[PDB]
Every structure is written in C-alpha cells, then in structure tokens.
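The structure under discussion appears below in the form of structure tokens.
Every chain is numbered from 1, with letters handed out A, B, ... down the list of sequences.
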2 protein chains.
Amino acid sequence: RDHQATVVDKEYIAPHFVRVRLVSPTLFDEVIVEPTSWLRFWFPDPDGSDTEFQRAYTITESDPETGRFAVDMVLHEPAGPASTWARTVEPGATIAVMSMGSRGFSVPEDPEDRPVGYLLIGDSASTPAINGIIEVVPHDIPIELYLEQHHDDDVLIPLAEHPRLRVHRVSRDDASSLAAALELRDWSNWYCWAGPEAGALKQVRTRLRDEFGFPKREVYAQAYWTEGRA
Amino acid sequence: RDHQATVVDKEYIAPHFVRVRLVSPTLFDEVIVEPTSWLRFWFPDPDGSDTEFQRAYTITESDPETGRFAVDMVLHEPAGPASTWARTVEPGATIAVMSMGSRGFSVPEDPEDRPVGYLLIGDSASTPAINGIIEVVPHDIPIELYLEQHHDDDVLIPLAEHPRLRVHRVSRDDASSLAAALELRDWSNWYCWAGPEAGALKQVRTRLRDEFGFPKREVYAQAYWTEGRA
Ligand SMILES: Cc1cc2nc3c(=O)[nH]c(=O)nc-3n(C[C@H](O)[C@H](O)[C@H](O)COP(=O)(O)OP(=O)(O)OC[C@H]3O[C@@H](n4cnc5c(N)ncnc54)[C@H](O)[C@@H]3O)c2cc1C
Ligand SMILES: Cc1cc2nc3c(=O)[nH]c(=O)nc-3n(C[C@H](O)[C@H](O)[C@H](O)COP(=O)(O)OP(=O)(O)OC[C@H]3O[C@@H](n4cnc5c(N)ncnc54)[C@H](O)[C@@H]3O)c2cc1C
C-alpha cells in the first residue's frame with residue numbers, strides 16, 4: 001500500500017548529496033524504522049511524460065507521530081529520474097511512497113551471540129544505510145568500513161561516528177577493485193553487510209564465500225545500483 | 001603565519017597508520033608541495049586543557065586548487081598528543097597548521113649530476129617522506145632503503161613502488177642497531193637521505209662520514225623523533 005508524501009524541505013549535506021525532507025502522516029503506522037529501512041518512490045519523468053520510475057532510498061530521518069521523514073540522495077553522473085528529481089524538486093511537490101521489501105538490521109540481544117566485528121562494504125548510495133548500522137553497533141565491537149569512491153566529493157559525505165570504526169576508501173578501476181581492496185585477515189565470526197554496485201558486488205560475494213570463508217547466515221549483500229543501467 | 005584547517009576524512013592505511021585528510025584553502029597560497037614537504041600542527045591537549053603541542057607531519061596528499069591535503073600519522077607506543085589526536089579526531093575538528101622550515105627534495109636535472117644511487121634511512125615516521133622521494137627517483141637509479149622496525153605491523157605500511165628499490169628492515173635493540181645494519185659496500189657518489197630516531201641518527205651520521213666516505217653535502221640527516229622524549 002502506497003502513501004502520498006509532500007516535500008517540505010531540501011538540504012545540501014554535501015555538494016552532490018541532497019537530503020530531501022517529506023511528510024506522510026499515515027506512512028509509519030505499524031511500520032517501525034530500523035537501520036537500513038528504505039522506501040520505494042515513484043519518481044516522475046524529467047522529460048514531462050506520465051511515465052514513473054520506481055527507485056529505492058534509505059530513511060535518514062523519521063518521526064512516526066507526524067509522518068515527517070527524510071532521504072539522502074546521491075547526485076550521480078550520468079543522472080537518472082530520481083537524482084534529477086533530487087536536483088530540481090522544490091517543497092510542495094508530491095510523490096507516492098511505499099514500504100515493502102525492507103528487512104531491518106539488528107544487533108543480537110545476547111552479547112555472546114554478537115559478531116566479533118562488522119565488515120561494511122558499499123559506496124555513497126549505501127552510506128545512509130551504513131550510517132544507520134554504525135549508529136547502533138556497540139562501542140566494543142570493531143567496524144571495518146570499505147567505501148568505493150567515485151568522486152572527490154565523496155569524502156565530504158558525512159559518516160556516522162564510532163570509537164572502533166576504521167574507514168577504507170577504494171578507487172574503482174573496474175568491477176574487481178572493491179573485492180581486491182578487502183584486507184586478507186582472519187574474518188572468523190565477523191558479520192558482513194554489503195550494499196555496493198551490482199558488478200562489484202558479484203566479485204565481492206565470491207571473495208567473501210570462497211576465500212574469506214564467510215557463512216551465508218553472516219552475510220547480507222544486495223546490489224544498490226548497476227553501472228550503465230537503471 | 002598559521003592557517004585554520006578542518007578535518008574532512010580519516011582512513012586507516014595500516015592498523016597503526018592513519019591518514020587524516022584536511023582542507024585549508026589559504027594554506028597553498030604561498031606553499032608549493034615538494035617531496036618530504038612537511039607542516040607544523042598545533043595539536044590539542046588530550047587531557048582537555050588549553051595547552052597546545054606543536055608537531056611536524058609530512059604532506060602525503062595535496063590539491064592546491066581546493067586546499068585539500070592529507071598527512072599520515074603513526075599510532076606509536078607510548079602515545080603523544082599528536083598520535084592520540086590521530087586516534088580520536090573526527091571529521092569537523094579544526095587545527096592550526098603552518099609551513100615553516102620545510103626544504104624539499106629534488107633530483108638534479110642533468111643526468112650526469114645525479115647520484116648513482118640513493119641510500120634512504122628511516123622508519124614508519126619518515127615513511128611518508130621516503131615514499132615521496134621514491135616516487136620521483138628516476139627508474140634507472142637504484143634505491144637502498146633501510147627501515148628500522150618497531151612493530152610487526154610496520155610491514156603493512158605501504159611503500160612507494162620503484163623498479164630498482166631494495167628494502168631492508170632492521171630490528172632495533174638499541175641506538176646502534178640501524179647504523180650497524182647498513183651494508184658495507186662502495187657508496188661512492190651515492191646520496192643519503194636519513195630521517196630516523198635521534199639516537200640512531202647520531203651513529204648513522206658517524207658511519208656515513210667516517211666509514212662510508214659520504215661528503216656532508218651528499219647527506220641530508222634530520223631526526224624525526226626521540227626515544228623517551230616528546
Ligand atoms: C534498498 C536500497 C536502498 C537504497 N538507498 C539509497 C539512498 O539512501 N541514497 C542514494 O543515493 N541511493 C540509494 N539506493 C540506490 C539508488 O536506488 C540507485 O542509485 C538508483 O539507481 C538511483 O536512481 P536514478 O533514477 O537516479 O538512476 P537510474 O535511472 O537507476 O540509472 C541512471 C544512470 O545513473 C547510474 N547510476 C545510478 N545510480 C548511481 C549511483 N549511486 N552512482 C553512480 N551512478 C549511478 C546508473 O548506472 C545509470 O547509468 C538504494 C538502493 C536500494 C536497492
Ligand atoms: C619534518 C618532520 C616530519 C615528520 N613527518 C611525520 C609523518 O609524516 N608521520 C608520522 O607519523 N611522524 C612524522 N614525524 C615525526 C613526528 O613528528 C614525531 O613522531 C612526534 O614525536 C609525534 O608527536 P606525538 O605527540 O605523537 O608524540 P611526542 O609527544 O612527541 O612523544 C611522546 C612519546 O612517544 C614517543 N614517540 C614519538 N614518536 C614516536 C614514533 N614514530 N615512534 C615511536 N615512538 C615515538 C616518544 O619517544 C615519546 O616517548 C616528522 C618529524 C619531523 C621532524
């Protein structure tokens with residue numbers, strides 16, 4: 001079930017990173033926001049037709065009592081309907097939103113059931129999701145963050161703070177760069193959350209399973225976008 | 001004159017080796033970056049007072065058009081105000097920086113005026129400076145690199161690539177270990193750049209002059225730190 005949402009504000013978090021604030025009073029009814037919770041939007045055709053384009057974006061602000069919420073959107077090159085929308089939308093615009101397909105992230109209750117560390121892999125598009133994860137990881141658990149870099153402005157996108165976060169930025173030469181940048185160490189009992197580009201995710205998953213020995217139950221991997229395709 | 005710099009990013013190049021990225025548009029108004037160029041930072045008191053502590057760090061990244069730059073910092077043991085800062089600083093923090101007393105490294109333009117080889121001596125603290133040197137040494141000039149080792153993780157600190165680079169690692173038993181490790185060979189017309197610990201440098205200089213026959217003008221020696229002293 002979709003809901004209509006009205007844009008109320010727009011803030012430039014980084015030069016190519018736009019936070020769009022909306023309101024949808026019935027959206028969060030029985031829908032609890034978790035780390036990496038996301039929404040489907042039906043974005044308008046920039047060229048003016050009635051065709052709409054469904055894209056996914058992570059929730060970065062939420063107030064269930066008012067239905068106010070926000071999403072952070074990368075202004076990527078080349079552009080698409082959603083990033084064009086982020087660039088040009090003004091408060092007062094409306095858009096249909098839906099919550100369906102989103103599984104949350106959670107740290108186990110028992111400390112002795114928790115991973116001995118989190119391996120987070122993504123880029124600018126999954127930084128909202130990864131930031132939500134970092135904000136809930138206990139302070140005594142280390143975090144190895146790998147961010148595939150596409151522009152110099154990427155370093156300006158704010159990251160969540162954590163006392164045991166170690167950040168690694170990866171220059172993308174091809175789809176093999178992200179998997180090759182991963183440190184070869186002991187990954188025993190670690191948990192991996194990966195939301196990178198589709199072509200890079202393929203070679204990342206292969207490395208996690210075969211070389212790093214990650215079990216399936218300790219990996220969540222979803223392609224957040226695809227190079228050269230919608 | 002100092003300039004205010006804002007921290008924009010932090011990356012863990014090695015487990016005890018942190019690259020801190022900053023921005024300061026006015027810094028590169030009168031500063032030209034050369035190999036081994038360094039800056040003076042006024043680090044804050046980790047204990048929370050108004051006292052500041054001036055320390056030197058090598059420029060590893062620089063963009064004069066935007067004012068963005070980076071330094072690589074060793075997380076040493078025992079810690080000091082600067083390495084504590086490297087461990088604990090978050091993006092958005094500010095710090096005063098100054099360029100004063102920094103002389104660069106250069107290779108003679110005339111090939112017949114160039115050294116027949118480069119003898120590079122240092123450790124993790126002078127590895128950013130040494131890397132900058134390696135990157136500009138012509139491919140037909142051999143490089144003999146000696147790095148005094150303090151921890152096993154020191155081999156994880158990336159070195160610059162060079163077709164004629166030969167690396168030698170030295171375990172430190174005392175201030176005499178580094179000098180004794182140097183190979184006794186013909187060093188005629190070689191050039192030496194040395195930035196090790198102060199006590200080790202004293203005995204290195206003596207061996208360069210008294211035993212290896214290095215002229216004073218073919219040697220650059222600068223102590224980068226002192227054992228048991230701030
Ligand atoms: C669960 C989920 C959550 C997501 N959350 C976010 C979020 O919070 N913030 C965010 O910015 N993105 C997020 N994404 C990714 C976003 O949906 C994609 O980037 C999407 O393709 C952008 O839609 P678009 O209309 O702008 O471009 P599209 O029409 O899909 O593609 C047009 C062109 O732009 C390229 N392109 C698309 N995205 C990128 C990109 N990041 N970087 C470089 N090039 C790109 C494409 O390769 C293509 O060539 C999420 C994806 C998923 C699956
Ligand atoms: C021109 C110049 C450029 C330099 N560039 C760099 C650079 O790019 N990256 C870098 O990491 N360092 C660099 N150094 C060395 C750095 O300035 C010293 O390590 C400095 O002492 C660090 O300041 P601190 O506050 O962390 O420790 P301090 O307060 O000075 O000393 C605290 C304690 O830690 C010890 N200690 C200090 N440094 C080290 C060290 N490397 N290894 C082991 N023990 C140490 C000291 O002996 C002392 O006991 C440079 C020095 C010079 C002169």
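The number of heavy atoms from other shown groups lying within 6.0 Å of CG (B/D50) does not exceed 12. Enclosure of atom CZ in A/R185 by more than 12 non-hydrogen atoms of other residues, nucleotides or ligands within 6.0 angstrom is indicated.
Each of A/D154, A/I157, A/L156, A/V155 was evaluated against B/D9; a single residue qualifies, A/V155, per the side-chain contact (heavy atoms from CB on, under 4.5 Å) test.
Contact annotation for B/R87: neither backbone nor side-chain heavy atoms come within less than 4.5 Å of a heavy atom of chain A. Neither the backbone nor the side chain of A/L145 comes within contact range of chain B; no heavy atom of the residue lies under 4.5 Å from a heavy atom of that chain.
Between the B/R68 side chain and the A/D152 main chain, a donor and an acceptor come within less than 3.5 Å of each other.
Residues A/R169 and B/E11 come closest through the heavy atom pair N-OE2, 3.0 Å.
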